[PDB]
>>> print(open('my_file08.csv').read())   # CSV, C-alpha atoms and all ligand atoms
chain,number,residue,atom,x,y,z
A,34,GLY,CA,-34.2,36.4,79.8
A,35,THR,CA,-32.1,35.5,76.7
A,36,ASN,CA,-31.1,31.8,76.8
A,37,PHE,CA,-27.5,31.2,75.8
A,38,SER,CA,-27.9,27.4,75.7
A,39,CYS,CA,-26.6,25.2,72.9
A,40,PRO,CA,-29.4,24.5,70.4
A,41,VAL,CA,-30.2,20.8,70.6
A,42,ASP,CA,-31.2,20.6,66.9
A,43,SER,CA,-28.7,22.8,65.0
A,44,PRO,CA,-24.9,22.5,64.5
A,45,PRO,CA,-22.7,23.0,67.5
A,46,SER,CA,-20.4,25.6,65.9
A,47,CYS,CA,-21.0,28.6,63.7
A,48,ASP,CA,-19.9,32.1,62.6
A,49,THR,CA,-21.6,35.2,64.1
A,50,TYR,CA,-20.5,38.5,65.4
A,51,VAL,CA,-20.2,40.3,68.7
A,52,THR,CA,-20.7,44.1,69.1
A,53,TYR,CA,-17.8,46.1,70.3
A,54,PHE,CA,-17.5,49.9,70.6
A,55,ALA,CA,-14.4,52.0,70.2
A,56,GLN,CA,-13.1,53.0,73.7
A,57,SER,CA,-11.1,56.2,74.0
A,58,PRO,CA,-8.3,55.1,76.4
A,59,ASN,CA,-6.7,52.6,74.1
A,60,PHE,CA,-9.1,50.9,71.7
A,61,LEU,CA,-9.4,53.4,68.8
A,62,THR,CA,-7.4,51.5,66.2
A,63,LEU,CA,-8.5,48.4,64.3
A,64,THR,CA,-5.2,46.9,65.5
A,65,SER,CA,-6.3,47.4,69.2
A,66,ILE,CA,-9.5,45.4,68.6
A,67,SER,CA,-8.0,42.7,66.4
A,68,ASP,CA,-5.5,42.0,69.1
A,69,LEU,CA,-8.2,41.9,71.6
A,70,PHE,CA,-10.2,39.4,69.5
A,71,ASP,CA,-7.5,37.5,67.6
A,72,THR,CA,-8.9,38.3,64.1
A,73,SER,CA,-7.6,40.3,61.1
A,74,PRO,CA,-8.4,44.0,61.0
A,75,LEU,CA,-10.0,43.5,57.5
A,76,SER,CA,-12.5,41.0,58.9
A,77,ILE,CA,-13.6,43.6,61.4
A,78,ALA,CA,-13.7,46.4,58.8
A,79,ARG,CA,-15.7,44.2,56.4
A,80,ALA,CA,-18.1,43.3,59.1
A,81,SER,CA,-18.4,46.9,60.3
A,82,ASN,CA,-18.8,48.5,56.8
A,83,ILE,CA,-15.5,50.5,57.4
A,84,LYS,CA,-14.1,51.3,54.0
A,85,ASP,CA,-10.6,52.3,55.2
A,86,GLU,CA,-8.8,50.0,57.6
A,87,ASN,CA,-6.3,52.6,58.7
A,88,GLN,CA,-8.7,55.4,59.8
A,89,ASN,CA,-8.9,56.0,63.6
A,90,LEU,CA,-12.1,54.9,65.2
A,91,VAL,CA,-14.1,57.7,66.9
A,92,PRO,CA,-15.1,57.0,70.5
A,93,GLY,CA,-18.3,54.9,70.8
A,94,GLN,CA,-18.2,53.9,67.1
A,95,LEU,CA,-20.1,50.7,66.7
A,96,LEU,CA,-18.2,47.7,65.3
A,97,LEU,CA,-19.0,44.1,64.4
A,98,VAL,CA,-16.2,41.7,65.2
A,99,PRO,CA,-16.6,38.2,63.6
A,100,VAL,CA,-16.3,35.4,66.0
A,101,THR,CA,-16.5,31.6,65.7
A,102,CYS,CA,-18.8,30.2,68.4
A,103,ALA,CA,-19.3,26.6,69.6
A,104,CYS,CA,-20.7,24.4,72.4
A,105,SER,CA,-18.9,24.0,75.7
A,106,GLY,CA,-21.4,21.7,77.3
A,107,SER,CA,-25.0,23.0,77.4
A,108,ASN,CA,-24.0,26.7,76.7
A,109,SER,CA,-22.6,28.5,73.7
A,110,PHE,CA,-19.3,30.4,74.0
A,111,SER,CA,-16.5,31.7,71.8
A,112,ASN,CA,-13.1,31.6,73.5
A,113,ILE,CA,-10.3,34.1,72.9
A,114,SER,CA,-6.9,33.1,74.2
A,115,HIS,CA,-5.7,36.5,75.5
A,116,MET,CA,-2.1,37.0,76.7
A,117,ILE,CA,-1.8,39.0,79.9
A,118,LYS,CA,-0.4,42.5,79.8
A,119,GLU,CA,0.9,44.6,82.7
A,120,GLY,CA,-1.7,45.1,85.5
A,121,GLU,CA,-4.7,43.2,84.2
A,122,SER,CA,-7.3,41.4,86.3
A,123,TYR,CA,-10.2,39.2,85.3
A,124,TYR,CA,-12.5,42.0,86.3
A,125,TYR,CA,-10.7,44.7,84.4
A,126,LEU,CA,-10.3,42.5,81.3
A,127,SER,CA,-14.0,41.6,81.2
A,128,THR,CA,-15.7,44.9,82.2
A,129,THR,CA,-13.5,47.3,80.2
A,130,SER,CA,-11.3,45.4,77.7
A,131,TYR,CA,-13.9,42.9,76.5
A,132,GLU,CA,-16.7,45.5,77.2
A,133,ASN,CA,-18.9,43.2,79.3
A,134,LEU,CA,-19.1,40.6,76.6
A,135,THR,CA,-18.1,38.1,79.4
A,136,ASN,CA,-18.4,38.2,83.1
A,137,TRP,CA,-15.6,37.5,85.7
A,138,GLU,CA,-17.4,34.4,86.7
A,139,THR,CA,-17.4,32.4,83.5
A,140,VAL,CA,-13.8,33.5,82.8
A,141,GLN,CA,-12.4,32.2,86.0
A,142,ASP,CA,-14.6,29.1,85.6
A,143,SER,CA,-13.0,28.1,82.4
A,144,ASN,CA,-9.6,29.3,83.5
A,145,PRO,CA,-8.7,27.1,86.5
A,146,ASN,CA,-5.2,26.7,87.9
A,147,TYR,CA,-4.9,30.4,88.4
A,148,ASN,CA,-5.1,33.2,91.0
A,149,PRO,CA,-7.6,35.8,89.8
A,150,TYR,CA,-5.4,38.7,90.8
A,151,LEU,CA,-1.8,37.3,90.6
A,152,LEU,CA,-1.8,36.9,86.8
A,153,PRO,CA,1.8,36.6,85.5
A,154,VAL,CA,2.3,38.8,82.4
A,155,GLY,CA,2.5,36.4,79.4
A,156,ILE,CA,0.1,33.6,80.4
A,157,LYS,CA,-2.7,32.3,78.2
A,158,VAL,CA,-6.1,33.1,79.7
A,159,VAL,CA,-9.2,32.1,77.7
A,160,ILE,CA,-11.9,34.8,77.5
A,161,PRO,CA,-15.2,33.1,76.7
A,162,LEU,CA,-17.4,35.6,74.9
A,163,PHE,CA,-21.2,35.0,74.9
A,164,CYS,CA,-22.9,34.0,71.7
A,165,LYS,CA,-25.7,31.8,70.6
A,166,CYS,CA,-26.2,30.0,67.4
A,167,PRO,CA,-29.4,29.7,65.3
A,168,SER,CA,-31.8,27.1,66.6
A,169,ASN,CA,-33.6,25.2,63.9
A,170,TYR,CA,-36.5,27.6,64.3
A,171,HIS,CA,-34.1,30.6,63.8
A,172,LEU,CA,-33.0,29.1,60.5
A,173,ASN,CA,-36.5,28.3,59.3
A,174,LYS,CA,-37.3,32.0,59.9
A,175,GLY,CA,-34.4,33.0,57.7
A,176,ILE,CA,-32.2,34.2,60.6
A,177,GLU,CA,-28.5,34.0,59.5
A,178,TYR,CA,-27.0,35.4,62.7
A,179,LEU,CA,-27.6,36.0,66.4
A,180,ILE,CA,-25.3,39.0,67.0
A,181,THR,CA,-24.3,39.5,70.6
A,182,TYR,CA,-25.1,43.0,71.9
A,183,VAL,CA,-24.5,44.2,75.5
A,184,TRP,CA,-27.7,45.8,76.7
A,185,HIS,CA,-27.1,48.7,79.1
A,186,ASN,CA,-29.7,50.6,81.1
A,187,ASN,CA,-29.4,53.4,78.6
A,188,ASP,CA,-30.2,51.7,75.3
A,189,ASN,CA,-33.7,52.0,73.9
A,190,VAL,CA,-34.9,49.4,71.4
A,191,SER,CA,-35.9,51.8,68.6
A,192,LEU,CA,-32.3,53.2,68.3
A,193,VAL,CA,-30.6,49.8,68.4
A,194,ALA,CA,-33.2,48.3,66.0
A,195,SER,CA,-32.7,51.0,63.5
A,196,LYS,CA,-28.9,50.6,64.0
A,197,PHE,CA,-29.0,46.9,63.2
A,198,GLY,CA,-31.9,47.3,60.7
A,199,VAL,CA,-34.5,45.1,62.5
A,200,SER,CA,-37.9,45.5,64.2
A,201,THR,CA,-38.1,46.5,67.8
A,202,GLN,CA,-40.4,43.4,68.2
A,203,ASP,CA,-37.6,41.2,66.8
A,204,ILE,CA,-35.3,42.3,69.6
A,205,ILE,CA,-38.0,42.3,72.2
A,206,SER,CA,-39.2,38.7,71.5
A,207,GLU,CA,-35.8,37.2,70.8
A,208,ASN,CA,-34.7,38.4,74.3
A,209,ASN,CA,-38.1,37.8,76.0
A,210,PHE,CA,-38.0,41.5,76.8
A,211,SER,CA,-41.8,41.3,77.8
A,212,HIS,CA,-41.1,40.1,81.4
A,213,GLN,CA,-37.5,41.2,82.1
A,214,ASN,CA,-36.2,43.3,84.9
A,215,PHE,CA,-34.3,46.4,83.8
A,216,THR,CA,-34.5,47.6,87.4
A,217,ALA,CA,-31.1,45.9,88.0
A,218,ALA,CA,-28.3,48.3,87.0
A,219,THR,CA,-26.5,45.3,85.5
A,220,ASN,CA,-25.3,45.0,81.9
A,221,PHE,CA,-26.4,41.9,80.2
A,222,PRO,CA,-25.9,40.3,76.8
A,223,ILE,CA,-28.7,39.9,74.4
A,224,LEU,CA,-29.1,38.7,70.8
A,225,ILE,CA,-30.1,40.8,67.8
A,226,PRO,CA,-31.5,38.3,65.2
A,227,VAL,CA,-30.5,39.4,61.7
A,228,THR,CA,-31.4,37.8,58.3
A,229,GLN,CA,-28.1,39.1,56.9
A,230,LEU,CA,-25.1,41.1,58.1
A,231,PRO,CA,-26.4,44.7,58.3
A,232,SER,CA,-24.9,47.7,56.5
A,233,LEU,CA,-23.7,49.7,59.5
A,234,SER,CA,-23.6,53.5,59.3
A,235,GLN,CA,-20.4,55.2,58.2
A,236,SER,CA,-19.0,56.7,61.4
B,1,LIG,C1,-35.7,56.1,71.3
B,1,LIG,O1,-35.5,55.9,69.9
B,1,LIG,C2,-36.4,56.8,69.1
B,1,LIG,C3,-36.1,56.5,67.7
B,1,LIG,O2,-36.3,57.6,66.8
B,1,LIG,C4,-36.2,58.2,69.5
B,1,LIG,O3,-37.2,59.0,68.8
B,1,LIG,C5,-36.3,58.5,71.0
B,1,LIG,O4,-35.9,59.8,71.3
B,1,LIG,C6,-35.4,57.5,71.7
B,1,LIG,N1,-35.4,57.7,73.2
B,1,LIG,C7,-36.4,57.5,74.1
B,1,LIG,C8,-37.7,57.1,73.5
B,1,LIG,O5,-36.2,57.7,75.3
>>> encode(input="my_file08.csv", output="C-alpha cells", more="lines below")
Ligand SMILES: *[C@@H]1O[C@H](CO)[C@@H](O)[C@H](O)[C@H]1NC(C)=O
Amino acid sequence: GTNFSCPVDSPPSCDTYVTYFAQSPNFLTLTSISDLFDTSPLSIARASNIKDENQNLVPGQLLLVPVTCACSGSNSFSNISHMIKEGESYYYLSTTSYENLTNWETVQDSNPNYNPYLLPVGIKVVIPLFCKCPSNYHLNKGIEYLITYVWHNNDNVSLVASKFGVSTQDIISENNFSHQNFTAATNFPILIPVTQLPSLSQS
C-alpha cells in the first residue's frame, strides 16, 4: 500500500504533521496532547486552526500535531520519548494513547532491553510515529507535506478529502488505494499529500 520508506533523493529529515483526534477518556485538553507528543500547545493550535488554546476539545475533534520526522535506516519515523505512567503497556499506549499512529511491533523493536508488560513507571520508551517525507517527485509537484492519517474501515475518501482540502484522487493514488484490501478490519496509516497546511474547520 503506502510505502513509508526513506526517499533516496530528498533530505532525511523534515517537518510534517500527524493527525490526532480528541479522545473522551483523558485527551480533551491541548495539554493532554502536547504531553503525549512533546510539543507546545500553541504549535498544535496553530496547526489545527484552533484560535483559543484553553478551550476544551470536543470528542473526535480533528487536530494536526507538528512532528519532526527523520530516517532510521530505510524507513521514516518520528520518535517521541514517552515516560511511563501507571498501568501502561506497549499495546495500550499505541492503540489508544497514540491512536494507532504506531504499532506494538515497531515500538518494541526500537525499545529493546525491556519487558513489554513489566514497564517500570518513569522509564523512557521511544514511540516511533509513522511519517514520510516528500520524495523529489512530491516536491516537484508542489507537495509541502505528507500528513499521516490513520485510515479506519469507516472513513470514506470524499469526507477526508474535503476535510484536508484535497482531491479524492490525490489520496487514492498517494496511497495506491486502487489495489488495496480494506477487507482486513485493521487500521493502517496513510499519507494525505498537501501543498500547504490546510485550514481546518472550527470545531
Ligand atoms: C462519503 O462522503 C460524501 C461527501 O459528501 C457523502 O455525501 C457520503 O454520504 C459519504 N458516505 C458514503 C458515500 O458512504
>>> atom_distance(input="my_file08.csv", atom1="CA of residue 223 in chain A", atom2="CA of residue 208 in chain A")
6.2 Å
>>> closest_residue(input="my_file08.csv", among="A:225, A:47, A:63, A:83", to="residue 103 in chain A", atoms="all atoms listed in the file")
A:47
>>> atom_distance(input="my_file08.csv", atom1="CA of residue 151 in chain A", atom2="CA of residue 58 in chain A")
23.7 Å
>>> residues_near_ligand(input="my_file08.csv", ligand="ligand LIG 1 (chain B)", cutoff="8 Å", atoms="all atoms listed in the file", output="PDB file with C-alpha atoms, in the frame of the given file")
ATOM      1  CA  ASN A 189     -33.700  52.000  73.900  1.00  0.00           C
ATOM      2  CA  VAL A 190     -34.900  49.400  71.400  1.00  0.00           C
ATOM      3  CA  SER A 191     -35.900  51.800  68.600  1.00  0.00           C
ATOM      4  CA  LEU A 192     -32.300  53.200  68.300  1.00  0.00           C
ATOM      5  CA  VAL A 193     -30.600  49.800  68.400  1.00  0.00           C
ATOM      6  CA  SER A 195     -32.700  51.000  63.500  1.00  0.00           C
TER       7      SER A 195
END
>>> closest_residue(input="my_file08.csv", among="A:134, A:69, A:156, A:96", to="residue 185 in chain A", atoms="all atoms listed in the file")
A:134
>>> closest_residue(input="my_file08.csv", among="A:159, A:95, A:199, A:154", to="residue 112 in chain A", atoms="all atoms listed in the file")
A:159
>>> residues_around(input="my_file08.csv", residues="residue 210 in chain A", least_positions_apart="4", cutoff="9 Å", atoms="only C-alpha atoms", output="ChimeraX atom specification")
/A:34-35,204-206,214
>>> atom_distance(input="my_file08.csv", atom1="CA of residue 176 in chain A", atom2="CA of residue 160 in chain A")
26.4 Å
>>> closest_residue(input="my_file08.csv", among="A:180, A:166, A:39, A:90", to="residue 62 in chain A", atoms="only C-alpha atoms")
A:90
>>> residues_around(input="my_file08.csv", residues="residue 98 in chain A", least_positions_apart="2", cutoff="6 Å", atoms="only C-alpha atoms", output="compact mmCIF listing (two decimals) with C-alpha atoms, in the coordinates of the input")
# COMPACT_ATOMS: atom_id res chain seq x y z
CA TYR A 50 -20.50 38.50 65.40
CA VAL A 51 -20.20 40.30 68.70
CA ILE A 77 -13.60 43.60 61.40
>>> closest_residue(input="my_file08.csv", among="A:147, A:131, A:178, A:197", to="residue 229 in chain A", atoms="only C-alpha atoms")
A:178
>>> closest_residue(input="my_file08.csv", among="A:227, A:116, A:140, A:217", to="residue 186 in chain A", atoms="only C-alpha atoms")
A:217
>>> residues_around(input="my_file08.csv", residues="residue 88 in chain A", least_positions_apart="4", cutoff="12 Å", atoms="only C-alpha atoms", output="PyMOL selection string")
chain A and resi 61-64+74+78+83-84+235-236
>>> residues_around(input="my_file08.csv", residues="residue 142 in chain A", least_positions_apart="4", cutoff="12 Å", atoms="all atoms listed in the file", output="PyMOL selection string")
chain A and resi 105+123+135-138+146-149+158-161
>>> residues_around(input="my_file08.csv", residues="residue 122 in chain A", least_positions_apart="4", cutoff="8 Å", atoms="only C-alpha atoms", output="tab-separated table (two decimals) with C-alpha atoms, keeping the file's coordinate frame")
chain	number	residue	atom	x	y	z
A	126	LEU	CA	-10.30	42.50	81.30
A	149	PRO	CA	-7.60	35.80	89.80
A	150	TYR	CA	-5.40	38.70	90.80
A	152	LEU	CA	-1.80	36.90	86.80
>>> build_atoms(input="my_file08.csv", residues="range 173-193 of chain A", atoms="N, CA, C and O atoms", output="PDB file, keeping the file's coordinate frame")
ATOM      1  N   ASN A 173     -35.267  28.425  60.126  1.00  0.00           N
ATOM      2  CA  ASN A 173     -36.500  28.300  59.300  1.00  0.00           C
ATOM      3  C   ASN A 173     -37.139  29.669  59.104  1.00  0.00           C
ATOM      4  O   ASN A 173     -37.899  29.839  58.142  1.00  0.00           O
ATOM      5  N   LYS A 174     -36.860  30.630  59.988  1.00  0.00           N
ATOM      6  CA  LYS A 174     -37.300  32.000  59.900  1.00  0.00           C
ATOM      7  C   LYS A 174     -36.567  32.764  58.807  1.00  0.00           C
ATOM      8  O   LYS A 174     -37.054  33.783  58.291  1.00  0.00           O
ATOM      9  N   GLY A 175     -35.368  32.288  58.496  1.00  0.00           N
ATOM     10  CA  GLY A 175     -34.400  33.000  57.700  1.00  0.00           C
ATOM     11  C   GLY A 175     -33.337  33.738  58.461  1.00  0.00           C
ATOM     12  O   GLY A 175     -32.538  34.446  57.838  1.00  0.00           O
ATOM     13  N   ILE A 176     -33.271  33.585  59.788  1.00  0.00           N
ATOM     14  CA  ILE A 176     -32.200  34.200  60.600  1.00  0.00           C
ATOM     15  C   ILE A 176     -30.861  33.605  60.173  1.00  0.00           C
ATOM     16  O   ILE A 176     -30.673  32.382  60.229  1.00  0.00           O
ATOM     17  N   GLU A 177     -29.914  34.460  59.786  1.00  0.00           N
ATOM     18  CA  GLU A 177     -28.500  34.000  59.500  1.00  0.00           C
ATOM     19  C   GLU A 177     -27.629  34.213  60.731  1.00  0.00           C
ATOM     20  O   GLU A 177     -26.683  33.437  60.893  1.00  0.00           O
ATOM     21  N   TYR A 178     -27.886  35.201  61.588  1.00  0.00           N
ATOM     22  CA  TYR A 178     -27.000  35.400  62.700  1.00  0.00           C
ATOM     23  C   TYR A 178     -27.706  35.914  63.930  1.00  0.00           C
ATOM     24  O   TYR A 178     -28.666  36.688  63.841  1.00  0.00           O
ATOM     25  N   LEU A 179     -27.226  35.473  65.086  1.00  0.00           N
ATOM     26  CA  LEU A 179     -27.600  36.000  66.400  1.00  0.00           C
ATOM     27  C   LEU A 179     -26.430  36.840  66.877  1.00  0.00           C
ATOM     28  O   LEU A 179     -25.518  36.286  67.502  1.00  0.00           O
ATOM     29  N   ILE A 180     -26.430  38.137  66.590  1.00  0.00           N
ATOM     30  CA  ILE A 180     -25.300  39.000  67.000  1.00  0.00           C
ATOM     31  C   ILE A 180     -25.449  39.287  68.491  1.00  0.00           C
ATOM     32  O   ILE A 180     -26.516  39.652  69.009  1.00  0.00           O
ATOM     33  N   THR A 181     -24.339  39.096  69.190  1.00  0.00           N
ATOM     34  CA  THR A 181     -24.300  39.500  70.600  1.00  0.00           C
ATOM     35  C   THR A 181     -24.244  41.016  70.685  1.00  0.00           C
ATOM     36  O   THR A 181     -23.554  41.694  69.909  1.00  0.00           O
ATOM     37  N   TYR A 182     -25.034  41.546  71.627  1.00  0.00           N
ATOM     38  CA  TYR A 182     -25.100  43.000  71.900  1.00  0.00           C
ATOM     39  C   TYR A 182     -25.261  43.135  73.425  1.00  0.00           C
ATOM     40  O   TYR A 182     -26.094  42.443  74.017  1.00  0.00           O
ATOM     41  N   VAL A 183     -24.502  44.043  74.035  1.00  0.00           N
ATOM     42  CA  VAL A 183     -24.500  44.200  75.500  1.00  0.00           C
ATOM     43  C   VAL A 183     -25.552  45.292  75.821  1.00  0.00           C
ATOM     44  O   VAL A 183     -25.333  46.483  75.576  1.00  0.00           O
ATOM     45  N   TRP A 184     -26.695  44.872  76.343  1.00  0.00           N
ATOM     46  CA  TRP A 184     -27.700  45.800  76.700  1.00  0.00           C
ATOM     47  C   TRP A 184     -27.317  46.510  78.018  1.00  0.00           C
ATOM     48  O   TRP A 184     -27.036  45.848  79.028  1.00  0.00           O
ATOM     49  N   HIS A 185     -27.253  47.837  77.962  1.00  0.00           N
ATOM     50  CA  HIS A 185     -27.100  48.700  79.100  1.00  0.00           C
ATOM     51  C   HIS A 185     -28.434  49.298  79.499  1.00  0.00           C
ATOM     52  O   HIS A 185     -29.398  49.240  78.735  1.00  0.00           O
ATOM     53  N   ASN A 186     -28.486  49.897  80.695  1.00  0.00           N
ATOM     54  CA  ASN A 186     -29.700  50.600  81.100  1.00  0.00           C
ATOM     55  C   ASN A 186     -30.106  51.716  80.195  1.00  0.00           C
ATOM     56  O   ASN A 186     -31.282  52.096  80.179  1.00  0.00           O
ATOM     57  N   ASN A 187     -29.174  52.234  79.393  1.00  0.00           N
ATOM     58  CA  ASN A 187     -29.400  53.400  78.600  1.00  0.00           C
ATOM     59  C   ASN A 187     -30.001  53.159  77.222  1.00  0.00           C
ATOM     60  O   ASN A 187     -30.703  54.032  76.697  1.00  0.00           O
ATOM     61  N   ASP A 188     -29.753  51.987  76.627  1.00  0.00           N
ATOM     62  CA  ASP A 188     -30.200  51.700  75.300  1.00  0.00           C
ATOM     63  C   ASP A 188     -31.764  51.709  75.241  1.00  0.00           C
ATOM     64  O   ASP A 188     -32.418  51.225  76.172  1.00  0.00           O
ATOM     65  N   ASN A 189     -32.334  52.242  74.161  1.00  0.00           N
ATOM     66  CA  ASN A 189     -33.700  52.000  73.900  1.00  0.00           C
ATOM     67  C   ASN A 189     -33.813  51.202  72.560  1.00  0.00           C
ATOM     68  O   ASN A 189     -32.923  51.283  71.706  1.00  0.00           O
ATOM     69  N   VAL A 190     -34.873  50.403  72.447  1.00  0.00           N
ATOM     70  CA  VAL A 190     -34.900  49.400  71.400  1.00  0.00           C
ATOM     71  C   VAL A 190     -35.006  50.051  70.028  1.00  0.00           C
ATOM     72  O   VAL A 190     -34.465  49.516  69.062  1.00  0.00           O
ATOM     73  N   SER A 191     -35.681  51.195  69.906  1.00  0.00           N
ATOM     74  CA  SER A 191     -35.900  51.800  68.600  1.00  0.00           C
ATOM     75  C   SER A 191     -34.517  52.197  67.993  1.00  0.00           C
ATOM     76  O   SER A 191     -34.256  51.961  66.806  1.00  0.00           O
ATOM     77  N   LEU A 192     -33.632  52.765  68.816  1.00  0.00           N
ATOM     78  CA  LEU A 192     -32.300  53.200  68.300  1.00  0.00           C
ATOM     79  C   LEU A 192     -31.514  51.976  67.853  1.00  0.00           C
ATOM     80  O   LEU A 192     -31.038  51.926  66.713  1.00  0.00           O
ATOM     81  N   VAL A 193     -31.384  50.976  68.735  1.00  0.00           N
ATOM     82  CA  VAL A 193     -30.600  49.800  68.400  1.00  0.00           C
ATOM     83  C   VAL A 193     -31.215  49.066  67.191  1.00  0.00           C
ATOM     84  O   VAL A 193     -30.490  48.594  66.305  1.00  0.00           O
TER      85      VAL A 193
END
